Amino acid sequence: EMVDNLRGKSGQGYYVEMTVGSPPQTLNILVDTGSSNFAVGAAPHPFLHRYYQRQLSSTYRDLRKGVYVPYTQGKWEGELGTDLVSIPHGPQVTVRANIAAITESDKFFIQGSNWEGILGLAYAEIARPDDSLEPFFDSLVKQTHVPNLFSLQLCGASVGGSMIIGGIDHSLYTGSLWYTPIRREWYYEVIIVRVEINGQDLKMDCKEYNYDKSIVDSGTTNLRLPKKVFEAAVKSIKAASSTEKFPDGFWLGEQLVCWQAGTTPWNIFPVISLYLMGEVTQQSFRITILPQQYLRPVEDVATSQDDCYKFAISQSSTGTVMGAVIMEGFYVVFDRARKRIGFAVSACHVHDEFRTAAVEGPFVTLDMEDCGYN
Ligand SMILES: CCNc1cc(C(=O)N[C@@H](Cc2ccccc2)[C@H](O)CNCc2cccc(C(F)(F)F)c2)cc(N2CCCCS2(=O)=O)c1
Ligand SMILES: CCNc1cc(C(=O)N[C@@H](Cc2ccccc2)[C@H](O)CNCc2cccc(C(F)(F)F)c2)cc(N2CCCCS2(=O)=O)c1
């Protein structure tokens, strides 16, 4: 019943159907492993087709406290309250949860996205205004018998996939699940120990990859990399693809790259391997990313004699973000109960006739260095 319960549009997040209030008001809610506030449009906005109407809910309780959340992209402010929340195509559970009723926003809501709010699935430590505001998943686990785990299978304008709450769906992946420790419970923080491009080690001190943290973030589109890592990665991708030359603006995400329909030269773009810390000392596994992931298609009927793409790798000053383009085609298990994140090749994994996304291990290094930045 939970399979294929996610929809989206490319670059605009994946959402699940939810209800808030009693009687239930149906809203589409963006699934975000990169924050911890459950928030819903609660006043008219140019890009909202619908919004939460507190006055129509018998079960609403105002908490008499405002809240402000600035993301990497977008920001909102609203009023805290609590109400009943359900997931019609999730576990047949309903919980009373904290809800931020958004009454003002700036570059948050997206024209044509089909979602009206956001479900922050990370830990209390990064909830606003502070960690006493219990996140939704914590409320769900406490109030129901749901096991303390969820999994996301994001598939690659319309996109889809599945969120499985309280379990692992074996029909959604092949091969082995490989686990990386959640380093600290705030974001879903993990450790990258090695990066390869086109099979060639980037050859940096591994702490650089995690300056100042690395996170798994379904709510962010791109692979985001620390400046020094971004610059080295762009250099390596440019070199591997040097049979064709693209404008500087493409590499900065300012510009599209386009080819005649059906002729995208995938083979000239390299594979990227991120090695994630294993559960055992100096052991790791790698997830391999194809250009079908990091060249994000941009749908536009005006450009449709062509296939056009945005470079979905960008610079960060706040550490690494493994966003949606990285997660797509993997089955990603957020095993909160065992403080670990599992990766496997998903049922909707990306591949062509030459190459495929992969999750492979184990790998061993003799280097005794801790790759964590702090
Ligand atoms: C899905 C919408 N496209 C993008 C969304 C976000 C982003 O900030 N996502 C946050 C949720 C969100 C979803 C939809 C619209 C707007 C925001 C996600 O929560 C960020 N997670 C890290 C974070 C950063 C700062 C504060 C917090 C806090 F914890 F919530 F406070 C979390 C970033 C982003 N990037 C920056 C542009 C250039 C492209 S990008 O991918 O590099 C593209
Ligand atoms: C904090 C829980 N609010 C509420 C919980 C339930 C309830 O009975 N939940 C059961 C599932 C359900 C889903 C949708 C409609 C009706 C029922 C659930 O199976 C009960 N689980 C045991 C339980 C009961 C009470 C408290 C708790 C708790 F875990 F301690 F919180 C658990 C109903 C409810 N209301 C529905 C609108 C109209 C009035 S209401 O108060 O009855 C508020």
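Just so you know, residue 1 is the first one in the sequence shown, and it goes up from there. Atoms within a ligand are numbered from 1 in the order they appear, just like the ligands themselves. These values consider heavy atoms only, across backbone and side chains, with no hydrogens, waters or symmetry-generated copies.
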Quiz item: Got a salt bridge between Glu360 and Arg286, using NZ or NE/NH1/NH2 to carboxylate O under 4.0 Å?
Solution: yes

Exercise. Let me know which of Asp300, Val301, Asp307 forms a side chain to side chain contact (heavy atoms under 4.5 Å, CB included) with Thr303.
Key: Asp300

Exercise. For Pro70, take its heavy atoms, then give the atoms of ligand 1 lying under 4.0 Å from any of them.
Key: 25 (C), 26 (C)

Self-check item: Interfacing atoms of ligand 1 (cut-off 4.0 Å, heavy-atom, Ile126)
Solution: 29 (F)

Practice problem: For atom 41 (O) of ligand 1, find the nearest protein heavy atom and state the residue, atom name and distance (0.1 Å precision). | Solution: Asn222 N, 3.0 Å

Self-check item: Closest to atom 10 (C) of ligand 1 among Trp186, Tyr187, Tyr71 (heavy-atom distance)
Solution: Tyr71

Quiz item: With respect to atom 31 (F) of ligand 1, which of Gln12, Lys75, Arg128 exhibits the smallest heavy-atom separation?
Solution: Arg128

Practice problem: Could you check if a side-chain atom of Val20 sits within less than 4.5 angstrom of a side-chain atom of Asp83, using non-hydrogen atoms only? | Solution: no

Quiz prompt | Ion pair check, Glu299 and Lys9, cut-off under 4.0 Å | solution = no

Quiz item: If you measure from each non-hydrogen atom of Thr72 to ligand 1, which part falls under 4.0 Å: side chain, backbone, both or neither?
Solution: both

Quiz item: Can you find a pair of side-chain heavy atoms, one from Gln283 and one from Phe363, that are under 4.5 Å apart?
Solution: no

Quiz prompt | Distance from atom 21 (N) of ligand 1 to nearest protein heavy atom, with residue and atom | solution = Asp217 OD2, 2.6 Å

Quiz prompt | Heavy-atom nearest neighbour in the protein, as seen from atom 11 (C) of ligand 1, with distance rounded to 0.1 Å | solution = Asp32 OD2, 3.4 Å

Quiz item: For ligand 1, does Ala312 get within less than 4.0 Å through its side chain, its backbone, both, or neither, judged by non-hydrogen atoms?
Solution: neither

Quiz item: Looking only at atom types and distance, does a side-chain atom of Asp201 sit under 3.5 Å from a main-chain N or O of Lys203, one as donor and one as acceptor?
Solution: yes

Quiz item: Identify the closest protein heavy atom to atom 42 (O) of ligand 1: which residue and atom is it, and at what distance?
Solution: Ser314 OG, 3.1 Å

Practice problem: Return yes when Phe109 approaches ligand 1 closer than 4.0 angstrom through a heavy atom, no otherwise. | Solution: no

Quiz item: Where does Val321 meet ligand 1, judged by heavy-atom distances below 4.0 Å: at the side chain, the backbone, both, or neither?
Solution: neither

Self-check item: Atom indices of ligand 1 within 4.0 angstrom of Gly11 heavy atoms, with elements
Solution: 1 (C), 2 (C), 3 (N)

Quiz item: Which atoms of ligand 2 have any heavy atom of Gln143 under 4.0 Å away?
Solution: 1 (C), 29 (F), 31 (F)

Self-check item: Flag: protein heavy atom within less than 4.0 Å of atom 13 (C) of ligand 2
Solution: yes

Quiz item: Taking heavy atoms and a distance under 4.0 Å, where does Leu30 meet ligand 1: side chain, backbone, both or neither?
Solution: side chain

Exercise. Specify the protein heavy atom at minimum distance from atom 9 (N) of ligand 1: its residue, its atom name, and the distance to 0.1 Å.
Key: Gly219 O, 2.8 Å

Quiz prompt | Trace of the side chain to side chain donor-acceptor pair (under 3.5 Å) decision for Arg61 with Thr82 | solution = CA-CA 5 Å; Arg61 182 259 172 90; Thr82 69; 5.7 Å; no

Practice problem: Consider ligand 1: state whether an atom of it lies below 4.0 angstrom from any non-hydrogen atom of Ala127. | Solution: no

Exercise. Using a strict cut-off of less than 4.0 Å between a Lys/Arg side-chain nitrogen and an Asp/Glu carboxylate oxygen, indicate whether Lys65 and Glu79 qualify as a salt bridge.
Key: no

Quiz prompt | Side-chain donor-acceptor contact under 3.5 Å, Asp352 with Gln292 | solution = yes

Quiz item: To the nearest 0.1 Å, how far is atom 36 (C) of ligand 2 from its closest protein heavy atom, and which atom is that?
Solution: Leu84 CD1, 3.9 Å

Exercise. Could you tell me whether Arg184 and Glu189 make a salt bridge, using a distance below 4.0 angstrom between a side-chain N and a carboxylate O?
Key: no

Quiz item: Tell me, which protein residue and heavy-atom name are nearest atom 37 (C) of ligand 1, and how many Å apart are they?
Solution: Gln73 NE2, 3.6 Å

Practice problem: Under 4.0 Å from a heavy atom of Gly13: give me the atoms of ligand 1 that qualify, with their elements. | Solution: 1 (C)

Quiz item: Among protein heavy atoms, which lies nearest atom 28 (C) of ligand 1, and at what distance?
Solution: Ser35 CB, 4.1 Å

Quiz item: When only distance counts, is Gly34 in polar contact with ligand 1, meaning an N/O pair under 3.5 Å?
Solution: yes

Exercise. Report the nearest protein non-hydrogen atom to atom 3 (N) of ligand 1: residue, atom name, distance rounded to 0.1 Å.
Key: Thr221 OG1, 3.2 Å

Quiz prompt | Any protein heavy atom < 4.0 Å from atom 26 (C) of ligand 2 | solution = no

Quiz item: Would you say the side chains of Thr365 and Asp367 form a donor-acceptor pair under 3.5 Å?
Solution: no

Exercise. State, yes or no, whether a side-chain contact exists between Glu134 and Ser36 at a heavy-atom distance under 4.5 Å.
Key: no

Quiz item: Same cluster for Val321 and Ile341 if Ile/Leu/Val/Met/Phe/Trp/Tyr side chains link at under 4.5 Å?
Solution: no

Quiz item: Do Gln111 and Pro46 have side chains that get closer than 4.5 Å, going by heavy atoms?
Solution: no

Quiz item: For ligand 2, which atoms have a heavy atom of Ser22 less than 4.0 angstrom away?
Solution: 37 (C)

Quiz item: Does the separation of the ring centres of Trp266 and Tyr309 fall below 6.0 angstrom?
Solution: yes

Exercise. Check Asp138, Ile87, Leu140 against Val95 for a side chain to side chain contact (heavy atoms under 4.5 Å, CB included) and give me the one that passes.
Key: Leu140

Practice problem: Over 60° means perpendicular and under 30° means parallel, so classify the ring planes of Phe230 and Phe311, tilted if in between. | Solution: tilted

Quiz item: For atom 39 (C) of ligand 2, what's the nearest protein heavy atom and its distance?
Solution: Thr59 CG2, 4.7 Å

Quiz item: Which atoms from ligand 1 have a heavy atom of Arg224 less than 4.0 Å away?
Solution: 42 (O)

Quiz item: Can you list the ligand 2 atoms lying under 4.0 Å from a non-hydrogen atom of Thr94?
Solution: 13 (C), 14 (C)

